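*Asks:*
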Amino acid sequence: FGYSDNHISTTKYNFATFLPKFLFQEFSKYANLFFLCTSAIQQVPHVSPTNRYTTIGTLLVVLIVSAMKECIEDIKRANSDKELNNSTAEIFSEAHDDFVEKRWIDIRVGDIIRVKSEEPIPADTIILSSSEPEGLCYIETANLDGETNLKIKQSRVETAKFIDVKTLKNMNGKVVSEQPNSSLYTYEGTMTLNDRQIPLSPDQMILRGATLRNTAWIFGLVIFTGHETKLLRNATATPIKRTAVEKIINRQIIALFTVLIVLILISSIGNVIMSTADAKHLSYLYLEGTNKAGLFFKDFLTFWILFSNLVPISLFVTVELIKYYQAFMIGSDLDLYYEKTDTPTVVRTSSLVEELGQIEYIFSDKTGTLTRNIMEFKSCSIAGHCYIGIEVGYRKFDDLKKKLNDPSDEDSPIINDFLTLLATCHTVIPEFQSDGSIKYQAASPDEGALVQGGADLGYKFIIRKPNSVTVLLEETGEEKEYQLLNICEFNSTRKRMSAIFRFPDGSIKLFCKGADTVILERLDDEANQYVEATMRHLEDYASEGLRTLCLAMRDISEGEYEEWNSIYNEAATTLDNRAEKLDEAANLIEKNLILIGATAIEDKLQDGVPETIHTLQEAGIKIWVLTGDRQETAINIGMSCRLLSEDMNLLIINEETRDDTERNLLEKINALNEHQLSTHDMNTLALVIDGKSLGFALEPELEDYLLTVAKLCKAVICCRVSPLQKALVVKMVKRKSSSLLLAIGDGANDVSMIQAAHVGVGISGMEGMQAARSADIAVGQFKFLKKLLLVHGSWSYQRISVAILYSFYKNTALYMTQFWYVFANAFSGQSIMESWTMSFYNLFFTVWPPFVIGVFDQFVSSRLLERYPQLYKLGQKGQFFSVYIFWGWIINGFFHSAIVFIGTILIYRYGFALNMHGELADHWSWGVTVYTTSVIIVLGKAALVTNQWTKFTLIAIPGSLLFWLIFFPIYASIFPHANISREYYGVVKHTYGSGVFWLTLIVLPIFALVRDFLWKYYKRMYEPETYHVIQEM
Amino acid sequence: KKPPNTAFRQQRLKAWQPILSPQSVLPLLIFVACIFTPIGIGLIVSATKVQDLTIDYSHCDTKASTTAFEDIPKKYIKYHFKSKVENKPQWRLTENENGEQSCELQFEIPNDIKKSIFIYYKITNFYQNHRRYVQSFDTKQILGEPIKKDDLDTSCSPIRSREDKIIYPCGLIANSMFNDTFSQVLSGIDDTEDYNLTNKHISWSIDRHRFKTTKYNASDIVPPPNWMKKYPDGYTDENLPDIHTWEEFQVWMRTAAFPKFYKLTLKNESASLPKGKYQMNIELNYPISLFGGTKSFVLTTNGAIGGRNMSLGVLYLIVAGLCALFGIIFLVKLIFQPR
Ligand SMILES: *[C@@H]1O[C@H](CO)[C@@H](O[C@@H]2O[C@H](CO)[C@@H](O)[C@H](O)[C@H]2NC(C)=O)[C@H](O)[C@H]1NC(C)=O
Ligand SMILES: *[C@@H]1O[C@H](CO)[C@@H](O)[C@H](O)[C@H]1NC(C)=O
Ligand SMILES: *[C@@H]1O[C@H](CO)[C@@H](O)[C@H](O)[C@H]1NC(C)=O
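Protein chains in written order, with the UniProt record's numbering: chain A, 196 to 583, 597 to 1241; chain B, 21 to 359.
Next comes the structure, spelled out in structure tokens:
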């Protein structure tokens, strides 16, 4: 009754429920809940060493930026939901006349709607009638199923007559329907239209996200709508995947919380030791608080607020702001954009841009991803002959001469029947066009390649009614009338399909095609005359990598057509098992055939695929390819798409139910005891598996048992694999021996395979769309994986690693001066700086140096990052970011921090460092002296860990220094006369008017960039690495 | 659709790259060391040019003389004059029952120091930078506003209120200030100068705008308990401290960063200090036992840095050493390593 709205449930918030869900999403984390609880402990009186509105202020700013990015992206989400939601819905008026143009929002229980062509269906409907007189309609499932076959949507016979507006005014009835479960091919419904029992089959089940293609209009009785359909109840939440860089951010923040509680234990235990030792000499504090453990608690909180900025607030919001901006920068790339299909390489998951830089086990679909899904009719093993260079395009004119020599050619009626089979027998639907040609609604691309392959020799298939005669368009003659008598459809275990046809002279013949191992067993072929040639030309087609079917025919007499018309007609009334009795019948007549020949359509490899697979294998990646193809054709594919180099090992495994231990254990023996050089044995290793052998291999009894031989090879190809074991391969490799994956597909059988990888990739373009939506990156062609993965993987991984690691450095290098001052004072908890430059440091001045490192830092140029794929191996193994390098950047923070503290202790010795008059540099003048010097060491280290850095980073690395040196007289001159920072009175005159303040800013930052600058010069001239050499090549 | 083809958008931005060839790192170290040697030498010149004097007078009451100018221990005086001191400085104690153990220090200036002279007091081991100590002053109540009870800044909490009265200079800074009163005159003995000082223009210019004379009726307020001794009857309409006029309160309120701090009391800038023997009389009111350490008085001048601190000059020399220590190691390792 009260149904929901028309939006795909990728929703994050609503306008009322924004606050508890978003604040639970941010405050379910650690580095925001920490500052929530320091801001909540900071409200205790006489405990805050800094302020209250400092930490709740910058935590509030971080929450506002997180709600800004989440608000923009969810408004873009709802903008797409308004691109789908606002759709024209002509709805029937019960009171007044014909279907009116309304919006979507007038759809309820049992609504009768008429929706037109070339526009999407609103929701689940039941067909009562359509523009066609039978009530069936033509539609395609762009959003539902992925298979592009236009469904023959049949309707109920007793309701098909209701067409006009006057018809369905006395038409209403209750429809007890199926429960809203997501069984796609199962329905149960009843109907009492005129107090008569009307059952409902799942055939009249136009679903939600379909687009009506070719009628004039369709009717629909809506059952379920909103989030109740069979497309919107199985809407996958797509749970977020924590990358390989942020699990170690989690334990990295655990490391900073460890060093924090070490600083507060050392510090506050020092406060108990000095505050109870120097009790005679600290009677000018009036410490008559008798609770010494109570003052240990209060002072413990003064240090838990005082050091609390060592963990940064504006890292995890800055990381997500950089990594989303890297996701923007990848999507706006000319070299990742294929303009023929016009797909602007969008990145669906912006949080996995880093994951492009550790990938070891790229998985792949062969059908359409590698092979483009364009079925070109290449060759045909015709009359037991082929081109034996390849000249089948020129040999096909000798096939035309084979037909045109009708007085003297034995093969000419046989090739008449050949072109008859690939001009008549199919399941595809013809389609008239505006041009002077015809285009085929291909229910099978093989069949459309056959019929268009006949159309290349002048066999234009004219439209064919399912219960009438048909005609053709022959090149030599004019027109020839054929007949649709009987069809015998294709099945998986049947491995063939046949048809019974009537030539116009009365000769009713059988015509059958299918695979070699079934059609090549029910045959005679005139005492096997054209069978050995058929075998050796199948093996020629299995030596070329072409999709190949076999062709045959036989005869039916009059009595066999009469009695077999009876057994075929009463054999086709079965609704119990439609695929069993019709195939037992459909091979009662498939004995002792006459073989004709074979067909061979090619599925051409795409534009950049072998170069891509070769350069990806040179980058240390173990590329796998998952397909449903057979052995020798896929070995020709991998031999042709650079998976299989010359004289590669090719561990063939074609096992059975319990044949596992022989090839598995004996290839463990030959994988271990046959120990070759293992450097040229490694790069010449492969594995070719049958998916039926792999079906009893992906199981917890024998999983790592297969992983020991699986991980050793360079390119593992799998053959004849059902689409469940794609996802079982992906989960199998991510569960044991946890490396960083990637999975590619372009079909709706790949969604369990793309949604399970460490980073999923879908392919747009051809008839699949479920992959490019349910991915992490949508990609035009497989060639884009090379520059995207190598180039933008190395770029994104290095830049985000030095951005994160630098951010930990800069916060350590500021607030570690707050720790070294605990020894200078009475272990008290005195903030060196004023309260608000604390909150302007990690939010307002040093927020731009991590950004331009995280985005605008070319550590090695892309023109020689893909001319040396070996460089991708150094990002892959786990360089540039660890816990060891993390403590290198922390202890660089301790050395630079203590050199600023100790250096500025010894410069401002007694406070007496002024030459203006006899006045002295107080607490706060020294405080902004160590603050300013710590800024110059921090963007000094930022200026030393950048490379290829001019444009938007000279606005950031010197822009933060000059922006602080301009901000500080403005803030500390204007703002102390506002009762907000009453600690900066005269600090501008006693620092910027000082003689010795700028001297400290000149030399003392250099005195840490000696270790920084000379370590950098040492490890790229005298102890270089690979990329240090390649940066000048 | 098609993304644009600007130089920014396609990661093709114009970029110079710092290459660390030894043709651009060795002139950087030679240039940095060769530009930090004249300024390090120049600032050790302008950090040894000053001629200070520093006499610890903490042990003048128990280590006393009380009858004549006896000699001082060597461990107290740290003089750094240009010329050499002929007669080592003496001191004595006096007690006229009103001064209460005033201390006549007597020092010998060896040559006439020409720069403006400044007399400080150094206090060691006085944590003026405690967390409970740079707070604990009501900012409104030192602005002169008659702030009532319970409207005060609560950071003054132990020195905030008394017997149904408020303390006008509340809190930990205003209480327990350095109340040893220096003599305004360097008394030139044996007829040399009889040298005058001032305690005017001593504090910060912004403290002399922020510290204003009060507006209380002088009967609701009470002095803080340590210098309750100088106001034994309490605050009255006559003896009330004008904070804008006092100008030694507002050098003690401006809290220094460290436990080892100077604080300015006296100076002279319009006349030189001649080369005679001087004495200075220091009324010992402030006990040692309150804080922990020493309390000297300092008679210093100024240089480029403030007084005698060679640490920034030698802190340029460590940089100009380590940019010519590795600027030679990275040239010996540039010639002899590909040798
Ligand atoms: C100088 O200051 C000291 C401490 O700041 C004062 O000594 C205190 O005086 C009061 C009142 O006589 C006593 O109750 C305290 O016990 C003293 N504290 C000590 C001795 O540590 C001293 O009175 C001041 N001298 C003046 C104002 O002339
Ligand atoms: C400086 O000393 C001379 C001589 O003792 C004196 O005349 C002059 O007034 C003093 N100046 C100040 C500002 O105290
Ligand atoms: C200068 O010193 C003499 C010495 O007794 C003193 O009387 C006089 O007041 C001083 N002048 C000032 C401080 O202006």
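For every residue, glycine included, the Cβ atom is placed at its ideal position computed from N, Cα and C.
Inspect the beta-carbon positions of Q1156(A) and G1083(A) and report whether they are closer than 9 Å.
*Replies:* No, Cβ-Cβ distance for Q1156(A) and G1083(A) is not below 9 Å.
*Asks:* Measuring only between beta-carbons, confirm whether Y1139(A) sits less than 9 Å from chain B.
*Replies:* It does not: the Cβ of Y1139(A) has no partner Cβ on chain B nearer than 9 Å.
*Asks:* Taking the continuous beta strand (DSSP E) assigned at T385(A), which residues delimit it?
*Replies:* Counting along the chain, the beta strand (DSSP E) containing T385(A) begins and ends at 384-387.
*Asks:* Let me know the secondary structure DSSP gives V987(A) once reduced to three states.
*Replies:* Strand.
*Asks:* Once the 5 residues before and after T87(B) are set aside, which same chain residues still bring their CB inside 8 Å of it?
*Replies:* If we look at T87(B) and ignore the five residues flanking it on each side, its Cβ neighbours are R112.
*Asks:* Compute the minimum distance between the beta carbon of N288(B) and the heavy atoms of ligand 2, and state whether it is under 8 Å.
*Replies:* Answer for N288(B): yes, Cβ within range of ligand 2.
*Asks:* Using the DSSP secondary-structure output, state which residues sit across from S706(A) in a beta bridge.
*Replies:* Paired residue(s): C696(A), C720(A).
*Asks:* Have a look at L998(A), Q1038(A), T420(A), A211(A) and flag the residue whose alpha-carbon is nearest the alpha-carbon of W1132(A).
*Replies:* The shortest C-alpha separation from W1132(A) is found at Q1038(A).
*Asks:* Check whether the Cβ of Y215(B) lies closer than 9 Å to any Cβ atom in chain A.
*Replies:* Cβ-Cβ to chain A under 9 Å: no for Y215(B).
*Asks:* With distance defined between alpha-carbon atoms, name the residue in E423(A), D293(A), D390(A) nearest to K364(A).
*Replies:* Checked all of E423(A), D293(A), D390(A); the closest Cα to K364(A) is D293(A).
*Asks:* Alpha carbons only, please: which of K168(B), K250(B), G296(B) is nearest the one belonging to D211(B)?
*Replies:* For the residues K168(B), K250(B), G296(B), the minimum Cα distance to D211(B) belongs to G296(B).
*Asks:* Beta-carbon within less than 8 Å of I860(A)'s beta-carbon, same chain only, minus the 5 sequence neighbours each way: which residues are those?
*Replies:* Cβ within range, chain order: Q839, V896.
*Asks:* With 9 Å as the threshold, decide whether the Cβ of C343(B) is near any Cβ in chain A.
*Replies:* Yes - at least one Cβ of chain A is within 9 Å of the one on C343(B).
*Asks:* Strictly by DSSP, which residues pair up with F213(A)?
*Replies:* In the DSSP output, where bridge partners are listed per residue, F213(A) has none listed.
*Asks:* If you measure beta-carbon to beta-carbon, which residues of the segment 38-66 of chain B are closer than 9 Å to chain A?
*Replies:* Going along the segment 38-66 of chain B in chain order, one finds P38, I39, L40, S41, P42, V45, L48, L49, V52, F56, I59, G60, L63 with a Cβ nearer than 9 Å to chain A.
*Asks:* Per DSSP, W111(B) forms a beta bridge with which residues?
*Replies:* In the DSSP output, where bridge partners are listed per residue, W111(B) has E90(B), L125(B).
*Asks:* Let me make sure I understand the geometry here. Which of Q1239(A), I1099(A), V1060(A) has the alpha-carbon closest to that of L516(A)?
*Replies:* Nearest of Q1239(A), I1099(A), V1060(A) to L516(A), Cα basis: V1060(A).
*Asks:* Considering only C-alpha positions, which residue in the set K1159(A), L228(A), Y1200(A), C332(A) is nearest to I637(A)?
*Replies:* Among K1159(A), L228(A), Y1200(A), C332(A), the Cα nearest to that of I637(A) belongs to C332(A).
*Asks:* Ligand 3 and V205(B): does the residue's C-beta get closer than 8 Å to at least one heavy atom of that ligand?
*Replies:* Result yes, Cβ under 8 Å from ligand 3.
*Asks:* Closer than 8 Å to a non-hydrogen atom of ligand 3 - does that hold for the CB of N216(B)?
*Replies:* Checking every heavy atom of ligand 3 against the Cβ of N216(B), one is found closer than 8 Å.
*Asks:* Is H221(B) close to chain A, meaning its C-beta is less than 9 Å from at least one C-beta of that chain?
*Replies:* So yes, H221(B) belongs to the interface.
*Asks:* At a CB distance below 7 Å, what residues from the segment 518-545 of chain A approach chain B? Give them in sequence order.
*Replies:* Those would be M524, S527, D528, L529, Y532, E534, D537, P539, in chain order.
*Asks:* Which chain B residues are close to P244(A), counting only those with a beta carbon under 8 Å from its beta carbon?
*Replies:* Those are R151, listed as they occur along chain B.
*Asks:* For the alpha helix (DSSP H) that contains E515(A), what are its first and last residues?
*Replies:* First-last of the alpha helix (DSSP H) with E515(A): 511-526.
*Asks:* Are there three or more Cβ pairs, one per stretch, closer than 8 Å when the segment 500-514 of chain A is compared with the segment 245-265 of chain A?
*Replies:* As far as the Cβ criterion goes, the segment 500-514 of chain A touches the segment 245-265 of chain A, which means the pair count is three or higher.
*Asks:* Just to confirm, is the Cβ distance from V318(B) to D72(B) under 9 Å?
*Replies:* The answer is yes: Cβ separation under 9 Å.
*Asks:* Taking three-plus beta-carbon pairs below 8 Å as touching, is the segment 823-839 of chain A in contact with the segment 928-935 of chain A?
*Replies:* At 8 Å Cβ cutoff, the stretches touch.
*Asks:* Give a yes or no on whether the C-beta atoms belonging to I985(A) and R603(A) are separated by under 9 Å.
*Replies:* Not closer than 9 Å, so no.
*Asks:* Verify the contact flag: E213(B), CB atom, against every heavy atom of ligand 2, threshold strictly below 8 Å.
*Replies:* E213(B) Cβ: within cutoff of ligand 2.
*Asks:* Using a Cβ-Cβ cutoff of 8 Å, what residues of the segment 1055-1078 of chain A are near chain B? List them in chain order.
*Replies:* Residues passing the 8 Å Cβ filter: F1064, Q1066, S1070.
*Asks:* Report yes if the C-beta distance between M977(A) and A337(A) is below 9 Å; otherwise report no.
*Replies:* Contact: yes.
*Asks:* For a contact meaning CB atoms closer than 7 Å, what does residue 594(A) contact in chain B?
*Replies:* Absent here is residue 594(A), because the residues of chain A run from 583 on to 597 with nothing modelled in between.
*Asks:* Residues in the segment 227-241 of chain A with C-beta within 9 Å of chain B's C-beta atoms, listed in sequence order?
*Replies:* The segment 227-241 of chain A vs chain B, Cβ under 9 Å: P240, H241.
*Asks:* Which class does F317(B) belong to by DSSP, given the choice of helix, strand or coil?
*Replies:* In this structure, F317(B) counts as strand in the three-state DSSP scheme.
*Asks:* Expressed to the nearest angstrom, what Euclidean distance is found between the alpha-carbon atoms of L873(A) and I401(A)?
*Replies:* Whole-angstrom Cα-Cα distance: 51 Å.
*Asks:* At a cut-off of 8 Å, is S196(B) close to ligand 1 when judged by its beta-carbon and the heavy atoms of the ligand?
*Replies:* Flag set: Cβ of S196(B) near ligand 1.
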